[PDB]
Amino acid sequence: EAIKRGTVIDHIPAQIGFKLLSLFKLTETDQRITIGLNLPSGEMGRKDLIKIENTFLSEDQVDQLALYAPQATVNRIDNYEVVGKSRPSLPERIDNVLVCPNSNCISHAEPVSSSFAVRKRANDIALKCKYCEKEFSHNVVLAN
Amino acid sequence: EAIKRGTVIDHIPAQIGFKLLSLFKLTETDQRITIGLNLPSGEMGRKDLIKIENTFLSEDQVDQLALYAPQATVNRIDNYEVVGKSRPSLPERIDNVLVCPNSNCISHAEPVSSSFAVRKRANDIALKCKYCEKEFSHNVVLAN
Amino acid sequence: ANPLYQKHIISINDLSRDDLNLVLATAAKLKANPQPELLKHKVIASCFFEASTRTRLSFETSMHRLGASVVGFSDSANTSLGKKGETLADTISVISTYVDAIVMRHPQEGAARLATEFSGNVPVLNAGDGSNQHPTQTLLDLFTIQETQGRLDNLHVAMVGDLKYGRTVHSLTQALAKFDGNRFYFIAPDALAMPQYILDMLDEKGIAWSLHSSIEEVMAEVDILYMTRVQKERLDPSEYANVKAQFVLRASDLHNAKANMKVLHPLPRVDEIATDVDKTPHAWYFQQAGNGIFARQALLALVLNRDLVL
Amino acid sequence: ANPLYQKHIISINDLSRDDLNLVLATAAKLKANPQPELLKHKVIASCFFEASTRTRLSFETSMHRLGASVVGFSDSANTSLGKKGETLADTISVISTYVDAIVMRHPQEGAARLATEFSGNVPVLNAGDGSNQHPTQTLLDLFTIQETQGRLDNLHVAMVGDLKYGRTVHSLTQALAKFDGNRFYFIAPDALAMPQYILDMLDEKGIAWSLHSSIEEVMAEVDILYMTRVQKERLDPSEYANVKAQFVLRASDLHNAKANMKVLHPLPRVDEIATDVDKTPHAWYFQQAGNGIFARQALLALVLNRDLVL
Amino acid sequence: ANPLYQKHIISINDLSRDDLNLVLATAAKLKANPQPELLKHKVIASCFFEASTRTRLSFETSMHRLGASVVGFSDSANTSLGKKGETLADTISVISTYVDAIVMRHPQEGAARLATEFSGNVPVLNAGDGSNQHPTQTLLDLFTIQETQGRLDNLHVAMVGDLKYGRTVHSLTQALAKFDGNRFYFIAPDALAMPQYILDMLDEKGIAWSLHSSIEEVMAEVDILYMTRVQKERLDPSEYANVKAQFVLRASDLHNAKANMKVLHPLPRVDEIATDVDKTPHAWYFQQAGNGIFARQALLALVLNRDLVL
Amino acid sequence: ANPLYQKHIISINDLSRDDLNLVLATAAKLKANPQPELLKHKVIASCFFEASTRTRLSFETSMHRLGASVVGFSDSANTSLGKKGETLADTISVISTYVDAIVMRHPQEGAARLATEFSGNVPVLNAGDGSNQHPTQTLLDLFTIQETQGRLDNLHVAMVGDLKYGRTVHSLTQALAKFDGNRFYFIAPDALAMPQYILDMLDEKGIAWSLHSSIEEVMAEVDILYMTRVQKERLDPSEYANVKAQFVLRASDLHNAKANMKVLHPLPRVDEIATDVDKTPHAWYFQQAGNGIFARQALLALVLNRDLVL
Ligand SMILES: Nc1ccn([C@@H]2O[C@H](COP(=O)(O)OP(=O)(O)OP(=O)(O)O)[C@@H](O)[C@H]2O)c(=O)n1
Ligand SMILES: Nc1ccn([C@@H]2O[C@H](COP(=O)(O)OP(=O)(O)OP(=O)(O)O)[C@@H](O)[C@H]2O)c(=O)n1
Ligand code: NA
Ligand SMILES: [Zn+2]
Ligand SMILES: [Zn+2]
């Protein structure tokens, strides 16, 4: 059913919805959440869908979806009306979620949150570790 | 909103629906999945609910829910109707998902799957590691 | 074949009363009439990842007393696991393609059980795994107790020392708790008392046990005074000193002991048994160690030799 | 006598194609029909000056499988060379007066060859010498490849990992380059490419070889996927991470592999071969290790037993 | 001629209520108004025979803040470990002819006291001696408690962790017991309970104390939650795991703490204090360590200057 | 309020052309006219978790030349190595409550940056962090280049050795790339070539660079011949030997060098710079290290004093 007021992430590629629920621990709320995985669609055949009642994401919390759901669509839906939709744009920093490939990086053994600088390079995205200063292709950082 | 054929796990205590999806990799299929978190139950206030079309569970797969969702109810649905329904029975063993609390246990550093023998007793379940043979309270094993 | 043929020997918990009797009966026959070539053409691995003098030496001597060859090591320092961090699994996966049986002692609990899942059809014998099992130690202990007392039931047995962490006493208690009428006396510092899970196990079976703060307090009725070393390092230097005298044995303490009572100790000892006890007729810890040969020998014969042949 | 009787086994370079065939043919016969007493009354030295689990254990097991005795050590720490700085020469000069053959692994290139000049008429077998040779490793590899593919010519062979420093891959390439029609695929990080001197050797013989940046890129036509461990420590932590995924193998990568293709690895492995490959029908690295027995056994029989006797 | 002039700072037992107050009062004055040239021309030995991060670094830093110089060592690579003997006695007898005061940490109980009998008139300050005393740690804990609570009387103080072996919890209890109406809450594993002699001492003085299962139990009424680590080594890896949860603090547990409640820990910590506590207003362990500077400065001034005109 | 006041000195990437010049300018003034009481009353931590001769000794010496005190360590025998955990985070959180600034060298990349998030307002200066940064080494190299060449623009700079892994050559190239018209000459073994990202960085800025076989090739046109060692460990003992001759400098090679050409080396060296070069007017490595004193003094003054009135 269509939610009242809250946010709804639409057009998530298949197998990314759950990943999103995990990486950003979005299910750690007392709010009614409805999730649809492997639902039929047109612009991508099959997609995932997340609905979180009475919750909203800053335009930065949305950009953080870029590396996982670049062609996704966030909706602000309020009072049963699609208030303001928004597309995920590449942020300039991604924290907490990523893991540094450099095994000798201090981030691994210490109680610190991970953090990378984002930079688009055509074909891939370069991620530079705040501690490291080493830069890796998002294909290496994500593809673990 | 009532799948043709599949399984429905009802009466999942709050904050357990995600765990179940995680620990048992329920979202790792092409089959359409429907999820409900913090939904109104009627008395228990809210409870999680999971639906998995074209997918059914053995009584052992269901028994594996005992520790997390004891009061849960697994519903077998074929041709829109809830043919059979069962409740999780305490399992004989629990493999893969639990982690042995003994840091000196060989299971940690080596490439083997966890495994504990289940024995109900004085107000709680005791889990015995297949390896170090140390027995712990389901509370301490589940605690991490 | 015999009930232990090709079976793994990992936990005292997996050995039935009949299994223990079978090993002892076999250990008695071989002790009486040797079989120097019983295991000729067999090559056994002796893999110790932790120090040992009696368990490794007796086991290897047993292999030879039976005609089998040996390959192995005393420490993991010069092995791939050790230098290029190879997994224990791969180590076994590989060694199991070489030998007919694997005897191993490892610092981590579960090690021997783990080997089992990677040794294919090659028997593994636990020579000690962390603070979990040490079955062959219990087998020689049982043999020793039965040889000197003539039976394994209706015995008065006292165990002294580090009862909280001692795996040999935990194992021996379980083993003896498979026979009938045995009553236990646990003498240990408050900080090192026999664990509750053992005490419950004894209750479910309606086995009588009691605690005592001194050896001298039970001397008069014990048939077996099983001594272990009070792991001093497990206590505060001064804490130990205050309760020490209650957990050490000397010749004078044996004044009112029963004629048939024997003092056992899995060894090594340190302080707990004074040397003036050595020449008393009660001292049986070295005979006990010597009994490791038979038993360790019986165990190997049962596991590697198909049909019985007592 | 047979062509290898009393010969030293030092470099793959000194073994003709007939010699390799001879060892494999012998390794096959012994594997089929054992000769437990073939080397009875022989005492062989097992001298390892560097860590080893498979090469030393299999070799010693081989000696016993043939009836021979063993003396030796796993490290030089407790030897005169080690404590009072004795020369390797004197060490051999002396040990050669004791045994009938010497198996040695040493950290320095040339060691085994050096032993040769001081062992009198005592055969020395190179169990590994620095970054130079490791012939017995190649012999078991060849046996393994022929056993699973049925031949040693006209094969498609891929080798992955530290090709620049790996002595086993350098040796295997030379060995296979003695047979005909073999074509190689070298998959290694740019920093760890197969050395030029090997590439030239392959050219002079008009042998086809090509470079590839990923395993998945050649999967479809290889008969042998020879994996070695990417010596990570030989690369910058981050350098490695970027090219890593191209040199590691997992079960999913075997989707389009040939039915007869086998994955080999001299071991130990670390990361390069995920454990989910273990139970696939392609996994042959443990069978490979097990084949060390036969071969190491065939080698000893040919060197120590006069006339043939296959 | 202040009370602590040229006095040894060895045991908390040697310090009176007045003594403690005199030190804390001075620590407050020096904090508010430093005297960087106070100990100019003075040279102080910093001898640590055991590891340390905060005790040595703060003491030495305290010496500099007062303008004094420093000589010493972090371990033994001197005449004591190198050239045998060189008893601690002779080591002190010699060093005391060089420096104006000796700060020492040693693994044996009684070391600092011993130094006292060979140091002539050179004051020695005990920075830790085995499982006995650690007076400067107590002085900084008190200053930290008095600073955040504005008093050392009528306090609700809970102590968590290894109360059996912790020398600092013993010393702090002793210390606070020199003040009135304080109430203690001991929360520890059964195997590491606050020792009975401490409890007698409290009874003897009519001071209230009680044993509790978890922190959650006493939370709502503590002014000072004194945490210490429970080294797993002092327990069975299994045993530990079963009671861990009730001796480790995390942010949420502070949900019902008094506004004034401050969490203290002598450090270092492992996991008994989750990092999510660091951000709470209750976290006061780093401030506590920062106070070591003032408590220790105060001590050096009182001991080295007969009349502090501040 | 100078640009670098209370600022962290972590990465060369965090330093601007102005920043670099400000530091070098101050280094010149302080060299000509010392200010020995400038940092009086300040106490600075010197924490080295990795070996060092020049970086630690000069930094600490620089602190004294400015009148500041020092506390720290040369390795771990503190709470971090001794009593486990004691994370680097908690180590800094504590030390930062003692000192006015932290100088640290650590084996992991990112360590210094991490210290920054737990040091409060205490400035941390990176004396080397794994294979990442080493900013004070670059600052002294620049001061040394600007001093002998009178500029940092339009220079012919050749870098020799391990350009692939050397963190100091990477940092210096980055640094000089913040100036105009400089021309680089990279001379290295194929296996240790200057990394591609450095080359992209140069292209992106329109800076000229080229690869050369030997020093002899570019000699006649370099203003600064920056040498570094080529650790043989990063190559095959054999491989090395074949290209050695073209990466090692000897007196004669300087036969056609410009009068102004200065030979630099961050040190230590092994053989890449023959001792017969020491006597030439071109040898400037010891002077370079001597400048660490002024560059580092400058840094401490700029960071610890808001307004240097010099
Ligand atoms: N009261 C509402 C209103 C809208 N939605 C959901 O929010 C999204 C709104 O999409 P819509 O406005 O209908 O535009 P579409 O035609 O679906 O195209 P697009 O995916 O670009 O939005 C859909 O997931 C819709 O189901 C909802 O859950 N509850
Ligand atoms: N085609 C169907 C059929 C049933 N259900 C779900 O099956 C569960 C149980 O439905 P049912 O047994 O028919 O009624 P209940 O009263 O919910 O049974 P119980 O009280 O045992 O939960 C509910 O979540 C219902 O939505 C579904 O999602 N799709
Ligand atoms: Na033999
Ligand atoms: Zn990093
Ligand atoms: Zn376990």
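Residues numbered from 1 in each chain as written, not as in the entry; some residues may be left out. Chains lettered and ligands numbered in written order. Part of a larger assembly, values for the part shown. Heavy atoms only, no water.

This entry, as listed in the PDB, derives from X-ray crystallography and reports a resolution of 2.50 Å.

In the annotation of the PDB entry, chain C is listed under the name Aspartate carbamoyltransferase catalytic chain and assigned to Escherichia coli. For this entry, the PDB record gives the title as "Structure of wild-type E. coli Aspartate Transcarbamoylase in the presence of CTP, carbamoyl phosphate at 2.50 A resolution". The record in UniProt for chain C states the following under Catalytic activity: "carbamoyl phosphate + L-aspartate = N-carbamoyl-L-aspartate + phosphate + H(+)". Of chain C, the UniProt comment under Pathway reads exactly: "Pyrimidine metabolism; UMP biosynthesis via de novo pathway; (S)-dihydroorotate from bicarbonate: step 2/3." (UniProt positions renumbered as here; feature names shortened; annotations may be inferred.)

Per the PDB entry, chain A carries the name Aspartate carbamoyltransferase regulatory chain and comes from Escherichia coli. Quoted verbatim from the Function field of UniProt, the annotation for chain A is "Involved in allosteric regulation of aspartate carbamoyltransferase." UniProt annotates chain A under Subunit with the comment "Heterododecamer (2C3:3R2) of six catalytic PyrB chains organized as two trimers (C3), and six regulatory PyrI chains organized as three dimers (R2)."

Participant: Where do I start with the side chain of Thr 136 of chain E in this structure?
Facilitator: Residues and elements named next belong to chain E. Along the chain, the position of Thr 136 falls in helix α5 (residues 135-149). There is a polar contact of 3.0 Å between the side chain of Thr 136 and the side chain of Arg 296. Excluding residues within four positions of it along the chain, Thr 136 makes contact with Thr 55, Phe 59, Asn 126, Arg 296 and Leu 299. (Helix = DSSP H or I, 4+ residues; strand = E, 2+ residues; numbered from the N terminus. Polar contact = N/O pair within 3.5 Å; in protein donor to acceptor, adjacent residues only side chain to side chain. Contact = heavy atoms within 4.5 Å.)

Participant: Help me understand the sheet that holds strand β1 (residues 6-13) of chain B, please; the structure alone is not making it clear to me.
Facilitator: Hydrogen bonds between backbone atoms are what pair the strands of a sheet, whose relative direction is either parallel or antiparallel. What the 9 strands build is an open sheet, ordered β4(A)-β1(A)-β3(A)-β2(A)-β2(B)-β3(B)-β1(B)-β4(B)-β5(B); its pairing is antiparallel. In this open sheet, the two strands that pair with only one neighbour each are β4 (73-75) of chain A together with β5 (85-86) of chain B. Strand direction decides the pairing type here: strand β2 (residues 33-40) of chain A and strand β2 (residues 33-40) of chain B, joined by 5 bridges, are antiparallel. Bridged to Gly 36 of chain A within β2 of chain B is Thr 34 of chain B. (Pairing = 2+ DSSP bridges.)

Participant: Where do I start with the nonpolar core in this structure?
Facilitator: A general feature of soluble globular proteins is that nonpolar side chains tend to end up buried together. Judged by nonpolar contacts, the single largest core of 234 residues is most densely connected at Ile 50 of chain B, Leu 225 of chain D, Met 159 and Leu 225 of chain E together with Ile 102 of chain F. Considering each element in turn, this core owes the most residues, 13 residues, to helix α10 (residues 285-304) of chain E. Look past the residues within four positions of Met 159 of chain E in its chain and what remains in contact with it is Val 169, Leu 172, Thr 173, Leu 176, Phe 184, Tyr 185, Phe 186, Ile 187, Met 194 and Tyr 226 of chain E. Ranked by size, the runner-up nonpolar core spans 62 residues in total, among them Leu 39, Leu 139, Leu 152 and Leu 202 of chain F. (Core = buried A, V, L, I, M, F, W, Y, C linked by side-chain atoms within 4.5 Å. Buried < 20%, exposed > 50% of the residue type's maximum accessible area, 1.4 Å probe, protein only.)

Participant: Sorry if this is basic, but what is going on with the packing of helix α5 (residues 135-149) of chain F against helix α10 (residues 285-304) of chain F here?
Facilitator: Describing two packed helices takes the angle between their axes plus the distance from one axis to the other. All names here are of chain F. For the pair α5 and α10, the least separation of the axes is 8 Å and the interaxial angle reads 115°. Taken as axis vectors, α5 and α10 run roughly perpendicular relative to one another. The crossing of α5 and α10 is right-handed. The residues of α10 that touch α5, namely those facing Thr 136, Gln 137, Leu 139, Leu 140, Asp 141, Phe 143, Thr 144 and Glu 147, are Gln 288, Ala 289, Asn 291, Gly 292, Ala 295, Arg 296 and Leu 299. A breakdown of the residues in the contact of α5 with α10 according to their chemical character gives 6 nonpolar, 6 polar and 3 charged. (Axes fitted to C-alpha atoms, helices over the stretch in contact; angles between N-to-C directions. Parallel < 35°, antiparallel > 145°, perpendicular 65-115°, else oblique. Left-handed = near helix turned anticlockwise from the far one by under 90°. Nonpolar A, V, L, I, M, F, W, Y, C, P; charged D, E, K, R; others polar.)

Participant: For this particular structure, what's the right way to read the interface of chain E and chain C?
Facilitator: As a measure of interface size, the accessible area lost when the parts come together is often cited. Tallying the contact residues gives 8 residues for chain E and 8 residues for chain C. Counting the surface lost from both chain E and chain C, the interface buries some 470 Å², and carbon and sulfur atoms represent 40% of this. Considering only the side of chain E, the residues that lose the most area to chain C are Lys 164, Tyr 165 and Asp 236 of chain E, jointly responsible for 62% of the buried surface there. Across the pair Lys 164 of chain C and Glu 239 of chain E runs a salt bridge, and its minimum N-O distance is 2.9 Å. Taken together, the connections running from chain E to chain C amount to 3 residue pairs in polar contact. (Buried area = accessible area lost by both parts, 1.4 Å probe. Salt bridge = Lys/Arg side-chain N within 4 Å of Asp/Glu carboxyl O.)

Participant: I keep staring at the interface of chain C and chain D and nothing clicks. Help me out?
Facilitator: Each partner contributes residues to the interface: chain C has 23 residues there, and chain D has 24 residues. For the pair chain C and chain D, the summed buried surface comes to about 2100 Å²; carbon and sulfur atoms form 54% of the total. When residues of chain C are sorted by the area they lose upon contact with chain D, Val 71, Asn 78 and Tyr 98 of chain C head the list and together hold 32% of the total. Here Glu 86 of chain C and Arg 54 of chain D are joined by a salt bridge, their closest N and O atoms 2.4 Å apart. Seen at the junction of chain C and chain D, the total is 12 residue pairs in polar contact.

Participant: Looking at this structure, I do not really get the site of ligand 1. What am I missing?
Facilitator: Residues and elements named next belong to chain A. By nearness alone, every residue bordering ligand 1 is listed as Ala 2, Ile 3, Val 8, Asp 10, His 11, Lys 51, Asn 75, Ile 77, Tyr 80, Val 82 and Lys 85. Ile 3 has a polar backbone atom sitting 2.7 Å from a nitrogen atom of ligand 1. A distance of 3.4 Å separates a nitrogen atom of ligand 1 from a polar backbone atom of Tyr 80. Compared with its free state, where it exposes 600 Å², ligand 1 has 61% of that area covered by protein. Tallying contributions element by element places strand β1 (residues 6-13) first for the shell around ligand 1, with 3 residues. Residue composition of the shell around ligand 1, grouped by class: 6 nonpolar, 2 polar and 3 charged. (Near = heavy atom within 4 Å. Areas by Shrake-Rupley, 256 points an atom, 1.4 Å probe, with all protein chains shown as cover.)

Participant: Looking at this structure, I do not really get the relation of the copies chain C and chain D. What am I missing?
Facilitator: Copy one and copy two of the chain differ by a rotation about a common axis and a shift along it. For the pair chain C and chain D, the best superposition has an RMSD of 0.0 Å and corresponds to a rotation of 120° with a translation of 0.0 Å parallel to the axis. When the rotation and shift are considered jointly, the pair of chain copies conforms to a three-fold rotation axis. The rotation axis passes nearest to the C-alpha of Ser 69 of chain C in chain C, at a distance of 5.1 Å. (Least-squares fit on C-alpha atoms.)

Participant: What is the right way to read the UniProt feature "binding site: Zn(2+)" in chain A from this model?
Facilitator: The positions UniProt marks with the feature "binding site: Zn(2+)" are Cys 100, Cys 105, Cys 129 and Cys 132 of chain A. Annotated residues spanning 33 residues; largest pairwise C-alpha distance 9.0 Å, indicating a single compact cluster. In contact with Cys 105 of chain A, other than residues within four places in its own chain, are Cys 100, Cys 129, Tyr 131 and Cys 132 of chain A together with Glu 109 of chain F. Not counting residues up to four positions away in its chain, the partners in contact with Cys 129 of chain A are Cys 100, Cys 105, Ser 115, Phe 116 and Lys 134 of chain A.

Participant: Honestly, the environment of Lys 29 of chain F in this entry has me stumped. Any pointers?
Facilitator: Residues and elements named next belong to chain F. Topologically, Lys 29 is positioned in helix α1 (residues 17-32). Taking relative accessible area as the criterion, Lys 29 reaches 44% and is therefore assigned partly exposed. Spatially, the C-alpha atoms of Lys 29 and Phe 294 are 9.1 Å apart, while their sequence positions differ by 265 residues.

Participant: Explain the site of ligand 2 here, please?
Facilitator: Residue and element names in this part refer to chain B. What surrounds ligand 2 is the set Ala 2, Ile 3, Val 8, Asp 10, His 11, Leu 49, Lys 51, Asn 75, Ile 77, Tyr 80, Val 82 and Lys 85. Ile 3 is positioned with one of its backbone polar atoms (N or O) 2.8 Å from a nitrogen atom of ligand 2. One of the side-chain nitrogen or oxygen atoms of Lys 85 is found 3.1 Å away from an oxygen atom of ligand 2. Coverage of ligand 2 by the protein chains reaches 61% of its 590 Å² of free accessible surface. Secondary structure elements with two or more residues in the shell around ligand 2: β1, β3 (46-53) and β4 (73-77). Top element by residues in the shell around ligand 2 is β1. It accounts for 3 residues. Split by residue class, the shell around ligand 2 holds 7 nonpolar, 2 polar and 3 charged.

Participant: It is not clear to me how the domain arrangement of chain C should be interpreted in this structure. Could you clarify?
Facilitator: Residues and elements named next belong to chain C. Looking at chain C, the domain boundaries give domain 1 (1-133 + 292-310) and domain 2 (134-291). Of note, the centres of domain 1 and domain 2, computed from C-alpha atoms alone, are 26 Å apart. Listed per partner, the contact involves 32 residues of domain 1 and 26 residues of domain 2. Both faces combined, the contact of domain 1 with domain 2 buries some 2300 Å², and carbon together with sulfur accounts for 59% of it. The largest per-residue losses of area from domain 1 upon contact with domain 2 belong to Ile 12, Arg 17 and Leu 24, which jointly make up 28% of the total buried on that side. At the surface where domain 1 touches domain 2, the tally comes to 2 salt bridges. Close ionic contact of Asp 180 with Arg 17 constitutes a salt bridge, the shortest N to O distance being 3.8 Å. (Domains from an automatic or database assignment.)

Participant: What is the right way to look at the domain arrangement of chain A in this model?
Facilitator: Residue and element names in this part refer to chain A. Taken domain by domain, chain A holds domain 1 (1-91) and domain 2 (92-144). On a C-alpha basis, the centres of domain 1 and domain 2 stand 24 Å from each other. Contacts between the two partners involve 7 residues from domain 1 and, on the opposite side, 12 residues from domain 2. Around 760 Å² of area is buried between domain 1 and domain 2 when both sides are counted, 73% of it from carbon and sulfur atoms. The interface formed by domain 1 and domain 2 contains 0 salt bridges. Joining domain 1 to domain 2, the criterion identifies 1 residue pair in polar contact. Each residue belonging to the side of domain 1 that touches domain 2 can be placed in one class, and the counts come to 6 nonpolar, 1 polar and no charged.

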